[PDB]
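First comes the structure, then the notes that go with it.
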Amino acid sequence: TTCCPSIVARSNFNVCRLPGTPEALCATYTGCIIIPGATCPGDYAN
Numbered sequence: 557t558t559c560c561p562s563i564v565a566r567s568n569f570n571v572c573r574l575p576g577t578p579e580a581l582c583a584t585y586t587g588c589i590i591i592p593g594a595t596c597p598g599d600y601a602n
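In terms of the numbering used here, the sequence shown is numbered consecutively and its last residue is 602.
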């Protein structure tokens, strides 16, 4: 599951993913994170 710290970060994550870039690279690029669960915390609410 991916979780993002802000709106901007999610929007940039979704563009990063368009060419097929791995989630893990898009995470370090944007500040978003990958978690094994399904419930994002309050500081990664977007």
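Don't be surprised by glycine CBs; every beta carbon is placed ideally from N, CA and C.
Asked                                                                                                                                                : Found
Quick one: what's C559 bridged to in DSSP?                                                                                                           : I589
Consult DSSP for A583 and reduce its assignment to one of helix, strand or coil.                                                                     : helix
Flag this pair as yes or no: are the beta carbons of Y600 and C560 separated by less than 8 Å?                                                       : yes
Keeping to the same chain, check which residues put their C-beta closer than 8 Å to that of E579; ignore five residues upstream and five downstream. : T558, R573, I590
Apart from the five residues on each side of it in sequence, which residues of its chain come closer than 6 Å, Cβ to Cβ, to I563?                    : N602
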